[PDB]
Amino acid sequence: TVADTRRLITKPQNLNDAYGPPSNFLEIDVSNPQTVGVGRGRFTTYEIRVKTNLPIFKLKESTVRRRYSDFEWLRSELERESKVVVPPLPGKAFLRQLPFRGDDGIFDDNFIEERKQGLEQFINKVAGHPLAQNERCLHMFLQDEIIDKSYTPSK
Amino acid sequence: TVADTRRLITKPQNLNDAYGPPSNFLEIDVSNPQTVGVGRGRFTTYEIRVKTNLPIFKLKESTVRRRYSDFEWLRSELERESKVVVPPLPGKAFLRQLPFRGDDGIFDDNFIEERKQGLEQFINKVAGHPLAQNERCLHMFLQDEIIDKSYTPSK
Amino acid sequence: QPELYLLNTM
Amino acid sequence: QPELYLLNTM
Amino acid sequence: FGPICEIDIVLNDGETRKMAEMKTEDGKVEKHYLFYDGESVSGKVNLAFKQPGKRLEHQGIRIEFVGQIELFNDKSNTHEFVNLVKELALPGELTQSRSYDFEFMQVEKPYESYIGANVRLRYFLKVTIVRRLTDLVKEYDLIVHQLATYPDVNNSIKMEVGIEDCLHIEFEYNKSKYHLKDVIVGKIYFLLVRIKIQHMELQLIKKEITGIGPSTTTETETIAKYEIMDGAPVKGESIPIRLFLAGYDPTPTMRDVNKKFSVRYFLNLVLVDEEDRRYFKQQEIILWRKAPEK
Amino acid sequence: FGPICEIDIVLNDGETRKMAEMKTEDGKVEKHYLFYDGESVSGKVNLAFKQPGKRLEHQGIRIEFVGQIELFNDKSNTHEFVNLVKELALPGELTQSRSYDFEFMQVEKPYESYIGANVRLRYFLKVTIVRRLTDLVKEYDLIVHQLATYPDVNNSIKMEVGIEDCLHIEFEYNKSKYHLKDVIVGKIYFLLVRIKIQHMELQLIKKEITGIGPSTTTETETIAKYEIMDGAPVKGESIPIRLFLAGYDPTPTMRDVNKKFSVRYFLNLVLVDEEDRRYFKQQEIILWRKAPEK
Amino acid sequence: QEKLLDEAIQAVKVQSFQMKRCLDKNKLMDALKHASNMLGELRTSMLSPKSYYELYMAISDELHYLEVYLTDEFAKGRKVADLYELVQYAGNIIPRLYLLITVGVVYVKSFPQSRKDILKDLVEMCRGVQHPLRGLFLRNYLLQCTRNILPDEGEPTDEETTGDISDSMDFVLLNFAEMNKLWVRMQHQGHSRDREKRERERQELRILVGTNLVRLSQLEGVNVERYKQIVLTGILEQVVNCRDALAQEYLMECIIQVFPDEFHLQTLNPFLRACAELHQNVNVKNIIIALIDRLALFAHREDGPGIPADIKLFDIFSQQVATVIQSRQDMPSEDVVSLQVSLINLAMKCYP
Amino acid sequence: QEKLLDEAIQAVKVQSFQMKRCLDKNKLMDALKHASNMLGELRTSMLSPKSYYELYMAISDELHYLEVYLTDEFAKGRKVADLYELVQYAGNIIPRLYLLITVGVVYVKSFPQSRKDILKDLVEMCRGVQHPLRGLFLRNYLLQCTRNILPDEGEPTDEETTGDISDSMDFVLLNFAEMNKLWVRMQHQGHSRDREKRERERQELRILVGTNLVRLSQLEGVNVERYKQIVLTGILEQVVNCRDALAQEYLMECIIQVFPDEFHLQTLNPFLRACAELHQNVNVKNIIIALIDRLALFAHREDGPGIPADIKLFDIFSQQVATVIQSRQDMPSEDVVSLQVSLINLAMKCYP
C-alpha cells in the first residue's frame with residue numbers, strides 16, 4: 001500500500017435534493033426612490049422588493065414602500081430584543097436638511113443613490129441573519145404594507 | 001550440631017617454658033632504717049635490697065644504702081628523661097626538722113615506718129615499669145653503691 | 001467584528 | 001590516672 | 001582574566017543516544033538529549049581548570065538531576081517535582097583539572113518536557129561548585145518524552161448540531177484519540193441548509209491552561225486552518241475530511257500536569273456564510289505520542 | 001477546642017510488614033516499620049475531621065517521603081539525601097473527614113537508619129496541610145536496614161606486637177569482617193613475658209566520627225569489656241578467645257555516609273599488670289548486617 | 001476590465017519561472033513553494049471565462065514539465081515517501097488537491113499496483129468539490145490526467161496492479177455526475193439577471209462536459225454489452241433525474257454523434273423510451289432529425305451487413321416517435337411534417 | 001579474720017535462696033544472674049584455701065541441684081539452642097565457662113552424637129582459665145561431671161554416643177599437664193617467705209590432684225595393654241620431666257596404691273627405669289617400701305599366678321636399687337639397712 005486513501009463511507013444523495021432548487025433563496029432589492037408630500041412635509045420612500053423560498057417568510061414575493069426612519073426603527077427594535085450585533089445604516093445626514101446649501105439637500109441624487117445602496121447593504125445582512133428572522137419586527141418591515149409601531153415584540 | 005565449640009588450633013607449650021621458673025621476678029625491699037652522723041648532720045638511710053632475674057639488671061641480687069634525697073633525685077631524673085608518669089614519694093616533711101616539737105621530729109618512729117613503706121611502694125612501681133628500666137638512673141640508684149649525680153643520662 | 005455562533009446539539 | 005601503653009609491631 | 005574554572009557534562013552514552021528538538025520563543029529550535037521515564041542518567045562532570053598558578057577554594061561540589069515546572073517566567077513560582085543529588089567532592093581546593101563520575105539509578109521522569117506561553121517543564125543536570133559568596137553553577141538540559149500505547153477505548157465522534165430551522169449538520173471524526181502523526185478521517189453530512197454557505201474549514205486549536213481553581217489563564221493558539229468545502233451544499237450532501245496531523249507538529253495532550261497546567265487540543269469545525277457570519281462547533285480530541293515498535 | 005484536623009498514615013501492608021527497634025536517648029526503645037532499599041512505600045493519608053460545623057481552608061495538601069542526616073541536633077545542619085513528593089489535594093476546603101491514596105515507586109534508600117550522639121539518620125513520611133500562617137504537619141517514622149552478603153575477601157587478623165624486651169605477643173582473630181550475630185574466635189600467644197600480668201581482656205569499641213576535614217568530632221563508647229585471661233602467663237602459653245557479638249547488639253560499620261559521618265568498631269586487646277599499668281592494641285573490625293536467606 | 005488578466009499572467013510567469021528554476025536546481029520543496037504561490041494567482045476569479053481559461057491552460061502547460069520531471073524521477077527510483085502528508089501542510093485545500101492529483105498520477109505510473117486504490121481515493125475525496133469554476137477546471141485537469149493510464153482490458157494484469165475497465169467506467173461516470181451537478185448549479189448562482197450571461201458561459205463550457213464522453217469513447221473496453229448494461233443505465237439515470245433541457249440535449253446529441261450505430265441498434269428502445277420522457281421545452285425535432293440523418297447515412301453506408309431483418313427499424317422508430325409526439329404537448333404541425341419528410345426519406349431509401 | 005568468711009556465707013545463703021526461688025518459678029536466667037553474684041564473692045583474696053574450699057563446696061553442692069534441675073527440663077523436651085552465645089553474655093569469665101560445662105554435659109546426655117565433640121570442646125575450652133585455685137575447683141566440677149560420662153569398657157556402644165577410651169586418656173593426660181603447670185606456678189608465686197604456707201597449701205590441694213588418678217582407676221577401659229604401651233609411657237614422661245620431689249612423691253604413692261598388680265607385673269621395669277632418673281631431693285625409700293608391700297601381698301597372695309620363674313624379680317630390684325643407691329649422694333646407712341630388711345622379708349616370703 002503506497003497511499004492512504006481512507007474516507008468514511010457516505011450515503012448516496014437523493015436525486016430530488018441533488019437537482020431540485022436550493023432552499024436558501026433570499027434576495028431583497030431597494031429601488032425606485034420617490035418624494036411623498038410637498039414643502040416642509042417632503043421625504044423620500046423606497047421600494048423594498050422581496051423574493052424568497054424560506055418557510056419563515058409568510059409571502060414568497062412581496063413589495064412594500066419604506067422610509068429611512070422605518071429602517072432606523074427596524075435597527076432599533078433589533079438592538080433591543082434580538083441580541084444580534086446589527087450592521088450600520090448609511091447614516092442620518094441632519095445637516096443636509098438645512099436650507100440654502102450648494103446641493104438639493106436631502107433630495108440630492110448622489111446622496112439618494114449612495115443611501116439607497118447602503119439600505120440594500122443593510123437589509124440583506126439583517127434579513128439573511130438567522131436570529132433576526134425569528135423576530136417579528138423584520139417580517140413587519142419587509143412584508144406588512146404599513147408598520148405598526150405600537151406593537152408587542154414577539155418571537 | 002548443638003553447641004558452637006570453635007577455637008583456633010594451638011601450639012603445644014614446650015615443657016621447659018611450662019614448668020621452669022617465670023622470667024618476671026623482681027622484688028625490692030626497703031628496710032633497716034639507720035641514723036648516720038651526729039647533731040645537725042644527722043639523716044636516716046635505708047637498705048634497698050633487690051632480687052631479680054631480668055637480664056636488664058646487671059646483678060641478680062644487690063644491696064645498697066639510700067637516703068630520702070636519693071629517692072627524690074631518682075624521681076627527678078625520671079621526670080626529665082623518661083617521659084614516664086612517675087608515682088608520688090611519701091613526702092618531704094619539712095616542719096618535722098623544726099626544733100622543740102612534741103615528737104622526735106625527723107626521727108619519729110611512726111614517721112620513719114610510714115615513710116619506709118611509701119619508699120617501698122614507690123620503688124616497686126618505678127622499678128617494675130618497662131620504660132623506666134631502660135633509663136640509667138634506676139640502675140645507678142638500685143645497684144651502684146654510691147650515686148654519681150654528675151653523670152650524663154643515657155638509655 | 002465577525003459574528004460567531006455556536007452550533008447547538010439537537 | 002592509669003598508664004596506657006600502646007603495643008608496637010615487631 | 002575570564003573564569004577560573006569551566007564545568008562541562010558528558011553523558012556516558014553521548015555518542016549513541018538519540019537527541020530531540022524543542023520550539024522556544026521567536027521560532028528558535030534547541031536540541032538536547034532524549035530520555036524516558038525509568039532510564040538511568042550517568043556520565044562525567046569535567047572541570048576544565050583555566051588559570052594555571054591560581055587555586056579554587058570551594059565548600060563542596062555536587063551534581064543534581066532536576067525536573068521542574070516554571071510558571072509565568074516567575075522565579076518564585078518554580079516547582080521541582082524531581083530532585084536527586086550526588087555529592088562529588090567535599091570542601092577543599094582545586095589546583096588542576098579533574099573529572100567526577102556520576103550515576104542516577106533508574107530515574108523517574110513522570111512528565112513530558114514542554115515549553116509554552118505561561119508554562120515551561122524541563123529536566124536538567126545542575127552542577128554546583130559551592131564558593132564563599134557566589135556558586136559556580138552549570139545547567140545541562142534534557143528532553144523527556146512520555147510514551148503511550150494504542151488506547152483500550154477509542155470511539156468515533158459523531159454529532160448532530162445546528163441552528164434551528166436554518167442549518168442542521170452531522171459531523172463525524174473517526175477517533176477521539178489521535179497520535180502525533182495520525183490522520184483525522186471524517187465527514188460532514190448536511191441535513192438542512194437554509195443559509196448561503198460560502199466555505200467550510202476544520203481548525204486545530206491548542207489551549208494551554210495555567211493556575212489553580214479561580215486562578216486560571218487560558219492561552220489559545222489556532223494551529224491549523226484547513227479548508228474542507230468551497231461553495232454551497234444542499235441537503236443530502238457529504239463532504240470528506242482527511243487532515244494529516246504530521247503537517248503541524250503538535251504536542252501531546254497533557255491534562256493537569258502536577259495539578260499546575262493542562263494543554264488540550266480541539267477540532268473547531270467552522271462554516272462561513274455569504275455575509276461572513278461564522279458558525280462553529282468545537283470538539284476536544286486527545287493527542288498522544290505513539291511508542292514506535294523499538 | 002483542640003485541633004481542627006488530625007493526620008494519620010496507614011501503610012497498605014500495615015498488618016503483614018515486619019517492624020524493628022531503635023535505641024534512642026536515656027535507654028528508650030522506639031518501634032517503626034522496616035523497609036529496604038528498592039521497596040515501594042504506599043498507603044493512605046487519613047484526615048480525621050474533629051470539629052463538626054467548622055471548615056478547614058488550605059492552600060494544598062501533600063505527602064513527602066524523606067530520608068535525611070541530622071548533625072548535633074542543629075536544625076540548620078539537617079541534610080536531605082532523599083526527597084519524593086505526592087501532591088494529594090489542590091488549594092480548597094475540608095468540611096468532613098477524607099482519605100488520600102499515595103504510592104512512592106521503588107524508593108531508593110541508600111543508607112541504614114542510625115541514632116547516635118552527634119548524628120541521626122532517619123527516614124519518614126511527612127504529610128503537610130498548607131495553611132495561611134501555620135502548616136499542619138505529621139511525621140511518620142520508618143526504619144531502613146542495609147543488607148549485605150558474605151564478603152569476597154575475609155582474611156584473619158594476625159599480628160606480633162609488644163614492648164621491647166618486656167612483652168611480646170601474637171594475637172589472632174579469625175576474621176576482619178563479622179556479622180552482627182557473629183563470633184570472634186581468636187587466640188593470644190605469648191612469646192616473651194618479663195612483666196607481671198594480673199589479667200587480660202578484649203574490648204569492643206564503637207567510634208562515631210562526625211564533620212568534614214579538620215572539623216572532626218569522635219565520640220567513643222566502650223561497648224564490651226570481656227575478660228579472656230585471669231593470671232600470669234609464661235612464654236609458650238596460648239589463651240583462647242570466643243566472644244559472641246550477639247550479646248551486645250551493635251550497629252553495622254558505616255563508612256563516610258554521605259561524606260558526613262562514620263561509625264567504626266574496634267577490638268581493643270588490653271593486658272593489665274600488678275601495678276595496674278595497662279598495655280593495649282586496637283584493631284578495626286568491620287561489622288555488617290547479614291541478609292537472612294529470606 | 002481585461003487588465004487583471006495581463007497583470008496576473010505576468011505574476012504567473014514570474015512564479016512559474018522561479019518554480020522551474022528551483023526544479024532544475026533540484027531543491028524540490030522550494031520549487032513547490034513557488035508553484036504554490038503561483039497557483040495562489042488562480043485564487044483571483046474576476047477573470048473572464050476565456051481569460052481565466054488561458055491562465056489555466058498556461059499553468060497546466062508548465063505543470064507538464066513538472067509531471068515529466070516527476071515521472072522520470074520515479075522511473076529513476078528517486079521517490080520520497082508520504083508525499084501527501086507533507087503536502088497537506090499547505091494550509092489551503094487547493095494546494096493539497098493539486099498536489100494529490102499530480103503525485104497520484106506519478107504513483108500510478110510508477111506504481112500500477114496502486115492504481116485501483118489511488119483512483120478510488122481520488123474519486124471519493126473529490127466529493128468535497130462545491131465551487132463551480134475551480135471545480136470545473138480541476139476536474140478538467142483530472143480528465144486530461146486520466147487520458148490514458150486508466151485500467152483497460154488488453155492491458156497487462158499484474159495482481160498487484162488492481163482495477164479493470166469496469167473501474168475506469170465507474171470512475172468517469174462518477175466524476176461526470178459531480179461535474180454536471182456543479183455545472184447545472186451554475187444556472188442559479190449569482191443574480192437572476194445574469195442568466196443570459198450564465199447560459200452563455202455554460203454553453204462555452206459544454207465542451208468540457210462532452211470531453212468526458214470522448215474519454216469514455218476511447219475506452220477500448222466499450223463492448224456493446226457494457227454499453228447496454230452500464231453506460232446507458234448510468235447516463236439515463238442522471239438524465240431522467242436531472243429534468244433540465246439544455247444540458248440533456250447537448251449531451252444527448254454528443255452521444256448520438258459519437259457512438260457507433262452498432263451499439264445504438266442494440267440499445268434503441270431504451271434510448272428512445274428515454275428520449276420520450278424528456279422536457280417539453282426541448283426541440284426534440286432537431287434531435288430526431290439528426291438521428292434520422294445518422295441512420296440514413298447508416299442505411300446507405302455500404303461495406304456493412306445492411307439492415308438485419310430482425311431489426312424492424314421502421315416499426316420501432318415509428319412507434320417511439322409516435323410516443324414522443326404524445327409526450328410532446330405543443331408541437332407545431334409544420335414540425336410534425338418536417339419530421340414526416342425525413343420519415344419519407346428513410347422509408348424511401350431503406351425500402352423502395 | 002574469719003568474718004569475711006561469715007559475711008560471704010550469709011550472702012551465699014541469701015543468693016542460694018534466690019536460686020531456689022527462681023528454680024521454683026522457672027526463672028533460670030535470674031538464678032544464673034545470682035550465680036554470677038556468688039562468683040563476684042570469689043573475687044576476694046583474703047580467704048584461706050580451706051575457707052575458699054568450704055565456700056566452694058557449699059556453692060558446688062547447691063549448684064548440683066540446679067544442674068539436675070536443668071537436666072530435667074532438658075530431659076522434658078524443652079531444648080533451647082543458641083546457648084553458646086547467651087552464656088557468653090556474663091561479664092565474668094567464670095560464670096560463662098561454668099555455664100558452658102553445665103549445659104555441655106546436658107547436650108551430651110540429650111545428644112549422644114555430640115558426646116565426642118563436646119568433651120574435646122570442654123577440655124580445649126579450659127584454656128580460658130589460668131588461676132590455680134578457681135581453675136582447680138573448676139576442674140573438680142569437671143572431674144565429677146565427667147566421672148560417669150567418660151568412655152569406658154562398661155558403657156553402651158550406642159551408635160549415637162560418641163567418644164572412646166582414647167579420648168578419655170588424652171583428656172586426663174592433658175588435665176594432668178595443665179594442673180601441674182598451674183600448681184607448680186603456685187610454688188613461686190607470692191613471696192619466698194611463705195615456703196611453709198605454700199607447702200602446707202600444696203598438701204591441702206594434693207587430694208585434688210589424686211582424684212584424677214582415682215578417676216583413672218575406676219575406668220574399666222584402663223586395661224593392662226593400654227597401661228603398658230601408651231598410658232604408663234605417657235604418664236611417666238610428664239612425671240619424670242616435672243623434676244620435682246613433692247609432686248613426684250605424692251603422685252607415685254597414689255600410683256602404688258592405684259594400679260593393680262596386673263598392671264605392675266607387666267610394667268615394673270619400664271616403670272623402674274623411669275623410677276631411676278627421678279629428682280634427688282625425694283624420699284624414695286617410702287616409695288620402694290610401698291611397692292615392696294604391694295608385691296609382698298602378691299607373693300603371699302594365693303589364687304594367683306605368682307611370679308613367673310623367668311623374671312627374677314628380686315635380682316632385678318636388687319640391681320636397680322643398687323644403681324639407685326649409687327645415684328644417691330649421701331643417703332643414711334640406716335636407711336639402706338631399713339631397705340635391706342624389706343629385701344630380706346621379701347626374698348624369704350616370695351622366694352623361700
# chains A, B, ... in the order shown; residues from 1 in each chain; ligands from 1

$ interface_residues --of "chain A" --to "chain E" --cutoff "10 Å" --atoms "only C-alpha atoms" --output "count of residues only"
35

$ interface_residues --of "chain F" --to "chain H" --cutoff "7 Å" --atoms "only C-alpha atoms" --output "ChimeraX atom specification"
/F:226-231,239-240,243-244,246-247

$ interface_residues --of "chain H" --to "chain B" --cutoff "9 Å" --atoms "only C-alpha atoms" --output "PyMOL selection string"
chain H and resi 81-85+104+107+111+113-114+117-118+120-122+124-125+180-182+184-185+188+191+238+241-242

$ write_last_selection --atoms "N, CA, C and O atoms" --output "compact mmCIF listing (two decimals), in the first residue's frame"
# COMPACT_ATOMS: atom_id res chain seq x y z
N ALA H 81 18.27 -24.00 71.80
CA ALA H 81 19.54 -23.90 71.11
C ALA H 81 20.23 -22.59 71.47
O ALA H 81 19.84 -21.90 72.42
N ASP H 82 21.28 -22.26 70.72
CA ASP H 82 21.90 -20.94 70.74
C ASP H 82 22.46 -20.57 72.11
O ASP H 82 22.63 -19.39 72.43
N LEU H 83 22.74 -21.58 72.91
CA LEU H 83 23.17 -21.40 74.29
C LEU H 83 24.59 -20.85 74.38
O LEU H 83 24.91 -20.07 75.28
N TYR H 84 25.45 -21.24 73.44
CA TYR H 84 26.83 -20.76 73.39
C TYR H 84 26.96 -19.24 73.36
O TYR H 84 27.78 -18.68 74.09
N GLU H 85 26.19 -18.53 72.53
CA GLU H 85 26.31 -17.08 72.62
C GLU H 85 25.77 -16.56 73.95
O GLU H 85 26.40 -15.73 74.60
N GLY H 104 26.93 -28.14 78.50
CA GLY H 104 27.60 -29.11 77.64
C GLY H 104 27.26 -30.53 78.00
O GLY H 104 26.90 -31.34 77.14
N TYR H 107 23.91 -31.34 76.89
CA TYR H 107 23.88 -31.68 75.47
C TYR H 107 24.37 -33.10 75.25
O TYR H 107 23.85 -33.82 74.40
N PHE H 111 22.12 -35.31 73.52
CA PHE H 111 22.63 -35.50 72.17
C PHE H 111 23.90 -36.34 72.24
O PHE H 111 25.02 -35.81 72.22
N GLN H 113 25.25 -38.04 70.02
CA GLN H 113 26.05 -37.79 68.82
C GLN H 113 27.09 -36.72 69.08
O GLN H 113 28.16 -36.73 68.46
N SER H 114 26.80 -35.79 69.97
CA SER H 114 27.72 -34.72 70.27
C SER H 114 28.73 -35.05 71.36
O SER H 114 29.46 -34.16 71.77
N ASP H 117 32.49 -34.65 70.51
CA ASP H 117 32.79 -33.27 70.16
C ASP H 117 32.73 -32.38 71.40
O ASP H 117 33.58 -31.51 71.58
N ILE H 118 31.73 -32.57 72.24
CA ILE H 118 31.58 -31.73 73.41
C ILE H 118 32.72 -31.96 74.39
O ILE H 118 33.24 -31.01 74.97
N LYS H 120 35.84 -33.06 73.71
CA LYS H 120 37.03 -32.40 73.17
C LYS H 120 36.90 -30.88 73.29
O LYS H 120 37.87 -30.21 73.66
N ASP H 121 35.69 -30.36 73.15
CA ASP H 121 35.47 -28.93 73.30
C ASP H 121 35.77 -28.47 74.70
O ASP H 121 36.43 -27.45 74.89
N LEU H 122 35.19 -29.12 75.69
CA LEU H 122 35.35 -28.66 77.05
C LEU H 122 36.80 -28.73 77.49
O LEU H 122 37.34 -27.76 78.06
N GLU H 124 39.35 -28.47 75.60
CA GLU H 124 40.07 -27.41 74.91
C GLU H 124 39.66 -26.03 75.45
O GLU H 124 40.51 -25.13 75.56
N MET H 125 38.38 -25.83 75.78
CA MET H 125 37.87 -24.55 76.28
C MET H 125 38.40 -24.23 77.67
O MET H 125 38.33 -23.08 78.09
N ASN H 180 49.37 -29.57 86.78
CA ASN H 180 50.72 -29.41 87.30
C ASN H 180 51.35 -28.08 86.92
O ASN H 180 52.05 -27.48 87.73
N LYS H 181 51.15 -27.62 85.69
CA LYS H 181 51.65 -26.28 85.37
C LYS H 181 51.11 -25.22 86.31
O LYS H 181 51.89 -24.49 86.94
N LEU H 182 49.80 -25.13 86.46
CA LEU H 182 49.25 -24.13 87.36
C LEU H 182 49.74 -24.32 88.79
O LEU H 182 50.14 -23.36 89.47
N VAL H 184 52.48 -25.90 89.96
CA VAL H 184 53.86 -25.53 90.15
C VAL H 184 54.03 -24.03 90.08
O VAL H 184 54.84 -23.47 90.83
N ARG H 185 53.26 -23.32 89.23
CA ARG H 185 53.41 -21.87 89.26
C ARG H 185 53.05 -21.34 90.63
O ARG H 185 53.61 -20.34 91.08
N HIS H 188 56.08 -20.64 93.04
CA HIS H 188 56.95 -19.48 93.02
C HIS H 188 56.16 -18.19 93.11
O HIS H 188 56.76 -17.11 93.17
N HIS H 191 55.53 -14.30 97.91
CA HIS H 191 56.88 -14.16 98.43
C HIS H 191 57.46 -15.48 98.89
O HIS H 191 56.75 -16.40 99.31
N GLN H 238 55.53 -37.22 81.60
CA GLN H 238 55.32 -35.97 82.33
C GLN H 238 55.85 -36.06 83.74
O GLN H 238 56.44 -35.10 84.25
N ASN H 241 59.53 -35.77 83.94
CA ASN H 241 60.03 -34.50 83.47
C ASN H 241 59.63 -33.34 84.38
O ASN H 241 60.17 -32.24 84.25
N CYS H 242 58.74 -33.56 85.35
CA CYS H 242 58.47 -32.44 86.24
C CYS H 242 59.63 -32.17 87.20
O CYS H 242 59.67 -31.09 87.79

$ closest_residue --among "E:278, E:207, E:290, E:50" --to "residue 2 in chain C" --atoms "only C-alpha atoms"
E:278

$ residues_around --residues "residue 206 in chain G" --least-positions-apart "2" --cutoff "12 Å" --atoms "only C-alpha atoms" --output "list in words"
residues 136, 140, 179, 180, 183, 184, 199, 200, 201, 202, 203, 204, 208, 209, 210, 211, 212, 213, 246, 247, 248, 249, 250, 251, 252, 253 and 254 of chain G

$ residues_around --residues "range 68-70 of chain A" --least-positions-apart "5" --cutoff "9 Å" --atoms "only C-alpha atoms" --output "list in words"
residues 43, 44, 45, 46, 75, 92, 119, 141 and 147 of chain A

$ residues_around --residues "residue 47 in chain G" --least-positions-apart "2" --cutoff "8 Å" --atoms "only C-alpha atoms" --output "ChimeraX atom specification"
/G:2,4-5,44-45,49-52

$ atom_distance --atom1 "CA of residue 139 in chain A" --atom2 "CA of residue 168 in chain E"
23.3 Å

$ interface_residues --of "chain D" --to "chain B" --cutoff "12 Å" --atoms "only C-alpha atoms" --output "ChimeraX atom specification"
/D:1-5,7

$ decode --residues "chain C" --atoms "N, CA, C and O atoms" --output "CSV table (one decimal), in the first residue's frame"
chain,number,residue,atom,x,y,z
C,1,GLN,N,-16.1,41.9,15.8
C,1,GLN,CA,-16.2,42.3,14.3
C,1,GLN,C,-16.9,41.3,13.5
C,1,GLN,O,-17.9,41.7,12.8
C,2,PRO,N,-16.5,40.0,13.4
C,2,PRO,CA,-17.2,39.0,12.6
C,2,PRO,C,-18.0,38.0,13.5
C,2,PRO,O,-17.4,37.4,14.4
C,3,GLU,N,-19.3,37.9,13.3
C,3,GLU,CA,-20.2,37.2,14.2
C,3,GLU,C,-19.8,35.7,14.3
C,3,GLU,O,-19.5,35.1,13.3
C,4,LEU,N,-19.9,35.2,15.5
C,4,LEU,CA,-19.5,33.8,15.8
C,4,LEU,C,-20.6,33.1,16.6
C,4,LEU,O,-20.9,33.4,17.7
C,5,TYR,N,-21.3,32.2,15.9
C,5,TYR,CA,-22.5,31.5,16.5
C,5,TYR,C,-22.3,30.0,16.7
C,5,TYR,O,-22.1,29.2,15.8
C,6,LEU,N,-22.3,29.6,18.0
C,6,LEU,CA,-22.1,28.2,18.4
C,6,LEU,C,-23.3,27.3,17.9
C,6,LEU,O,-24.4,27.8,17.9
C,7,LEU,N,-22.9,26.2,17.3
C,7,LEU,CA,-23.9,25.2,16.8
C,7,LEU,C,-24.4,24.3,17.9
C,7,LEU,O,-23.6,23.7,18.6
C,8,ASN,N,-25.7,24.3,18.2
C,8,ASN,CA,-26.3,23.6,19.3
C,8,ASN,C,-26.6,22.1,18.9
C,8,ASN,O,-27.0,21.9,17.8
C,9,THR,N,-26.5,21.2,19.9
C,9,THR,CA,-26.9,19.8,19.7
C,9,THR,C,-28.5,19.7,19.6
C,9,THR,O,-29.2,20.5,20.2
C,10,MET,N,-29.0,18.7,18.8
C,10,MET,CA,-30.4,18.5,18.6
C,10,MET,C,-30.9,17.3,19.3
C,10,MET,O,-31.2,16.2,18.7
